[PDB]
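Undergrad: Handing over start32.txt, compact mmCIF, C-alpha atoms and all ligand atoms.
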# COMPACT_ATOMS: atom_id res chain seq x y z
CA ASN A 1 -73.17 16.42 113.36
CA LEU A 2 -72.86 19.17 110.74
CA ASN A 3 -73.56 18.44 107.07
CA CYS A 4 -73.75 20.99 104.25
CA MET A 5 -75.73 20.15 101.11
CA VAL A 6 -76.18 21.50 97.58
CA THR A 7 -79.56 20.53 96.14
CA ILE A 8 -80.28 21.23 92.46
CA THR A 9 -84.02 21.32 91.73
CA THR A 10 -86.37 22.69 89.07
CA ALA A 11 -88.50 25.79 89.65
CA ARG A 12 -91.57 26.85 87.69
CA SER A 13 -93.06 30.29 87.08
CA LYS A 14 -96.15 31.36 85.12
CA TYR A 15 -96.78 34.56 83.19
CA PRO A 16 -96.47 37.41 84.21
CA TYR A 17 -93.44 35.71 85.86
CA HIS A 18 -93.70 37.70 89.10
CA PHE A 19 -92.81 34.71 91.31
CA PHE A 20 -91.32 31.26 90.87
CA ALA A 21 -91.78 28.07 92.88
CA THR A 22 -89.21 25.30 93.26
CA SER A 23 -90.36 21.71 93.69
CA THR A 24 -89.76 21.83 97.47
CA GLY A 25 -92.38 24.54 98.04
CA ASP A 26 -89.95 27.48 98.19
CA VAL A 27 -92.34 30.20 97.03
CA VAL A 28 -90.12 33.16 96.14
CA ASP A 29 -91.64 36.54 95.27
CA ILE A 30 -88.82 37.48 92.89
CA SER A 31 -89.23 37.54 89.13
CA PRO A 32 -86.94 34.88 87.58
CA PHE A 33 -85.78 37.49 85.04
CA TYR A 34 -85.10 40.46 87.35
CA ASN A 35 -81.44 41.22 86.58
CA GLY A 36 -81.09 44.19 88.94
CA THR A 37 -81.50 46.93 86.31
CA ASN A 38 -85.11 46.25 85.21
CA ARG A 39 -87.03 46.43 88.49
CA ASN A 40 -89.60 48.62 86.72
CA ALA A 41 -90.45 45.74 84.35
CA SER A 42 -90.11 42.79 86.75
CA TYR A 43 -91.43 42.15 90.24
CA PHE A 44 -89.31 41.86 93.38
CA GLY A 45 -90.84 41.56 96.83
CA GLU A 46 -88.56 39.45 99.02
CA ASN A 47 -86.23 40.84 101.67
CA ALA A 48 -83.93 43.55 100.33
CA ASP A 49 -81.04 42.85 102.72
CA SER B 1 -150.34 52.26 25.90
CA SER B 2 -153.45 52.04 28.10
CA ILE B 3 -153.83 48.25 28.19
CA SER B 4 -153.50 46.03 31.25
CA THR B 5 -150.73 43.42 31.22
CA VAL B 6 -151.39 39.95 32.61
CA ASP B 7 -149.33 39.31 35.75
CA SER B 8 -148.53 35.60 35.47
CA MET B 9 -145.14 35.39 37.22
CA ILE B 10 -145.61 33.12 40.23
CA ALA B 11 -143.27 34.82 42.69
CA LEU B 12 -140.78 32.50 44.42
CA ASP B 13 -138.58 34.87 46.45
CA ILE B 14 -136.83 32.83 49.15
CA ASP B 15 -135.01 35.27 51.42
CA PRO B 16 -131.48 33.91 52.01
CA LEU B 17 -130.41 32.71 55.43
CA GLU B 18 -128.74 35.63 57.18
CA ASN B 19 -125.28 35.09 58.65
CA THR B 20 -124.81 34.32 62.35
CA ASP B 21 -121.61 35.13 64.26
CA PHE B 22 -121.69 32.66 67.15
CA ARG B 23 -120.45 34.10 70.44
CA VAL B 24 -117.91 32.40 72.68
CA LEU B 25 -120.18 32.22 75.72
CA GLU B 26 -118.38 32.34 79.07
CA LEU B 27 -120.38 30.90 81.97
CA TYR B 28 -117.81 30.86 84.80
CA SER B 29 -114.80 33.15 84.57
CA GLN B 30 -111.33 31.97 85.56
CA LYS B 31 -111.61 33.80 88.89
CA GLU B 32 -114.77 31.89 89.83
CA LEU B 33 -113.26 28.57 88.75
CA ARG B 34 -110.20 29.26 90.92
CA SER B 35 -112.33 30.44 93.86
CA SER B 36 -114.66 27.43 93.72
CA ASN B 37 -112.12 25.32 95.66
CA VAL B 38 -112.00 25.33 99.46
CA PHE B 39 -108.34 24.24 99.42
CA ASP B 40 -106.07 26.44 97.30
CA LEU B 41 -102.69 24.80 96.78
CA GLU B 42 -100.82 28.07 96.22
CA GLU B 43 -102.01 29.58 99.51
CA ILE B 44 -101.13 26.40 101.40
CA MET B 45 -97.62 26.36 99.93
CA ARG B 46 -97.16 30.06 100.72
CA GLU B 47 -98.21 29.41 104.33
CA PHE B 48 -95.79 26.48 104.58
CA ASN B 49 -92.99 28.64 103.14
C1 LIG C 101 -81.78 43.47 82.20
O1 LIG C 101 -82.94 43.13 81.47
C2 LIG C 101 -83.50 44.24 80.80
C3 LIG C 101 -84.86 43.84 80.26
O2 LIG C 101 -85.66 43.34 81.30
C4 LIG C 101 -82.52 44.73 79.73
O3 LIG C 101 -82.99 45.89 79.09
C5 LIG C 101 -83.07 45.64 77.67
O4 LIG C 101 -81.82 45.24 77.15
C6 LIG C 101 -81.86 44.92 75.77
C7 LIG C 101 -80.54 44.29 75.38
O5 LIG C 101 -79.56 45.30 75.26
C8 LIG C 101 -82.21 46.17 74.97
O6 LIG C 101 -82.33 45.88 73.60
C9 LIG C 101 -81.53 46.81 72.84
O7 LIG C 101 -82.36 47.81 72.29
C10 LIG C 101 -81.91 48.71 71.28
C11 LIG C 101 -83.13 49.32 70.59
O8 LIG C 101 -83.76 50.18 71.52
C12 LIG C 101 -80.88 48.16 70.29
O9 LIG C 101 -79.88 49.13 70.07
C13 LIG C 101 -80.13 46.89 70.70
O10 LIG C 101 -79.87 46.03 69.61
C14 LIG C 101 -80.80 46.00 71.77
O11 LIG C 101 -81.72 45.09 71.21
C15 LIG C 101 -83.56 46.70 75.45
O12 LIG C 101 -83.90 47.91 74.84
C16 LIG C 101 -83.51 46.93 76.96
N1 LIG C 101 -84.76 47.43 77.47
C17 LIG C 101 -85.96 46.80 77.45
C18 LIG C 101 -87.08 47.60 78.06
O13 LIG C 101 -86.15 45.69 77.00
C19 LIG C 101 -81.20 45.08 80.39
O14 LIG C 101 -80.21 45.41 79.46
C20 LIG C 101 -80.69 43.91 81.22
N2 LIG C 101 -79.49 44.26 81.94
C21 LIG C 101 -78.39 43.50 81.99
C22 LIG C 101 -77.26 44.07 82.81
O15 LIG C 101 -78.28 42.42 81.43
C1 LIG C 102 -92.40 51.05 84.11
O1 LIG C 102 -93.40 50.13 83.72
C2 LIG C 102 -94.67 50.73 83.55
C3 LIG C 102 -95.69 49.64 83.34
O2 LIG C 102 -95.11 48.39 83.65
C4 LIG C 102 -94.61 51.75 82.41
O3 LIG C 102 -95.81 52.48 82.32
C5 LIG C 102 -96.26 52.52 80.95
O4 LIG C 102 -95.72 53.64 80.28
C6 LIG C 102 -96.08 53.72 78.92
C7 LIG C 102 -95.28 54.84 78.29
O5 LIG C 102 -95.30 55.97 79.13
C8 LIG C 102 -97.60 53.90 78.81
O6 LIG C 102 -98.03 53.90 77.46
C9 LIG C 102 -98.29 52.74 79.50
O7 LIG C 102 -99.68 52.89 79.54
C10 LIG C 102 -97.79 52.61 80.94
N1 LIG C 102 -98.37 51.46 81.58
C11 LIG C 102 -98.75 51.41 82.88
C12 LIG C 102 -99.34 50.10 83.33
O8 LIG C 102 -98.63 52.36 83.64
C13 LIG C 102 -93.48 52.75 82.65
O9 LIG C 102 -93.26 53.58 81.55
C14 LIG C 102 -92.18 52.03 82.95
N2 LIG C 102 -91.13 52.97 83.27
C15 LIG C 102 -89.96 53.07 82.62
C16 LIG C 102 -89.75 52.10 81.48
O10 LIG C 102 -89.10 53.88 82.92
Spell out the structure here as structure tokens.
Ligand SMILES: *[C@@H]1O[C@H](CO)[C@@H](O[C@@H]2O[C@H](CO)[C@@H](O[C@@H]3O[C@H](CO)[C@@H](O)[C@H](O)[C@@H]3O)[C@H](O)[C@H]2NC(C)=O)[C@H](O)[C@H]1NC(C)=O
Ligand SMILES: *[C@@H]1O[C@H](CO)[C@@H](O[C@@H]2O[C@H](CO)[C@@H](O)[C@H](O)[C@H]2NC(C)=O)[C@H](O)[C@H]1NC(C)=O
TA:
Amino acid sequence: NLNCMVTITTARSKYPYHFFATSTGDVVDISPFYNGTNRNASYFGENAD
Amino acid sequence: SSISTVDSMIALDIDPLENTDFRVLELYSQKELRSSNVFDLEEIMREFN
């Protein structure tokens, strides 16, 4: 049985905003404000591919 | 002239209370307060992730 889902949760990040954390424990090492042209001023450490 | 003058001024010189700039004393820094716990929630959630 195959079921696809779309969960919409809330994630929180603290200053310096170098990682956020959804309510389900998805710790992501990406700055919530990294727009792809400001890597020098915002962290990004997850998989590049 | 050459005559002595009676010194009859009872001195009452009360030195004023000097100002004190109270420090904001810091006993345990934030690092120590975060390291005082055996179980760190962030590390546990990162391990689960
Ligand atoms: C991605 O986000 C970065 C910041 O993390 C953006 O860079 C910043 O973009 C703003 C908006 O254009 C720039 O402000 C502009 O500055 C000049 C004065 O120098 C003025 O002419 C404009 O009115 C405007 O306010 C800002 O300088 C720039 N850099 C920094 C370091 O904040 C970037 O634009 C974002 N990219 C995208 C594609 O959204
Ligand atoms: C990338 O960011 C770093 C710090 O996040 C910037 O380094 C600063 O550069 C300014 C201007 O040269 C210095 O006054 C600061 O002392 C530097 N800070 C640090 C922590 O090194 C760097 O300039 C940024 N690169 C850009 C915007 O191209």
Undergrad: Which residue gives the smallest distance to ligand LIG 102 (chain C) among A:31, A:47, A:10, A:42, with all atoms listed in the file counted?
TA: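 So, comparing all the options, the nearest one is A:42.
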Undergrad: Kindly indicate which residue among A:45, A:25, A:32, A:16 lies nearest to ligand LIG 102 (chain C), using all atoms listed in the file for the distances.
TA: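 Of A:45, A:25, A:32, A:16, the one nearest ligand LIG 102 (chain C), counting all atoms listed in the file, is A:16.
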Undergrad: Atom CA of residue 18 of chain A to atom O2 of ligand LIG 101 (chain C): how many Å, to one decimal?
TA: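 Calculated distance between atom CA of residue 18 of chain A and atom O2 of ligand LIG 101 (chain C) is 12.5 Å.
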Undergrad: Residues within 12 Å of ligand LIG 101 (chain C), counting all atoms listed in the file: report them as a list in words.
TA: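 Sorted by chain and then by number, the residues are residues 17, 31, 32, 33, 34, 35, 36, 37, 38, 39, 40, 41, 42 and 43 of chain A.
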Undergrad: Quick check, in Å to one decimal: how far apart do atom CA of residue 5 of chain A and atom CA of residue 28 of chain A lie?
TA: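 Going from atom CA of residue 5 of chain A over to atom CA of residue 28 of chain A covers 20.0 Å.
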Undergrad: Tell me as a list in words which residues belonging to chain B come within 9 Å of chain A, counting only C-alpha atoms.
TA: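 The contacting residues on chain B are residues 42, 45, 46, 48 and 49 of chain B.
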Undergrad: Provide the atom CA of residue 8 of chain A to atom CA of residue 20 of chain A distance in Å, to one decimal place.
TA: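 Separation between atom CA of residue 8 of chain A and atom CA of residue 20 of chain A: 15.0 Å.
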